[PDB]
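Asker: Take this sequence and fold it.
(chains A, B and C)
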Amino acid sequence: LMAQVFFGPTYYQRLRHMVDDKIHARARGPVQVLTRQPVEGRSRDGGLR
Amino acid sequence: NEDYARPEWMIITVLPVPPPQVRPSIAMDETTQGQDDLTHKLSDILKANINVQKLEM
RNA sequence: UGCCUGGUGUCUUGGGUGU
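Answerer: Numbering: from 1, shown residues only, chains lettered A, B, ... in the order given. Find the structure here:
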């Protein structure tokens, strides 16, 4: 490489936010009883606002 | 407006009772379901109406 | 001939995430 590279060990930490705990998709599913709109929440297979 | 908004209609003499779709009940657990707030308020209103009718006669 | 199942509270509160 034409440019030299800064290089060495550094202390890194893994945070709790992982993509597989955030990915969510919905085509159709449960709806609220009062308004008949998609429910809220990824855990409940909800929709996006 | 004579046809649509008559002044004496601002005093309630008959109350419309909404269908259960407006005040749905919720099953709190597997056995006991919960009455909605509007249902309880309508029950209180109807009890007061019955009380007035009974007292008057 | 022994023949297969979709149906998911609510209200508060707290702590967080990206701007």
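Asker: Provide a list of residues in contact with residue A:22.
Answerer: residue A:42 (Cβ atoms under 8 Å, 6 or more residues apart in numbering or on different chains). In short, each C-beta sits where N, CA and C put it, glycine included.
Asker: Distance-wise, check it relative to RNA strand C.
Answerer: Counting by Cβ to the nearest atom of the strand, to the nearest Å, the gap between residue A:22 and RNA strand C amounts to 8 Å.
Asker: if I look at that residue, how far off is residue B:38?
Answerer: Distance of residue A:22 to residue B:38, computed by Cβ to Cβ, to the nearest Å: 37 Å.
Asker: residues in chain A within reach of RNA strand C, list them.
Answerer: Contact residues (Cβ under 7 Å from any atom of the strand) of chain A with RNA strand C: A:17, A:29-33, A:39, A:44.
Asker: And for chain B?
Answerer: With Cβ under 7 Å from any atom of the strand as the criterion, chain B meets RNA strand C at residues B:26-28, B:34.
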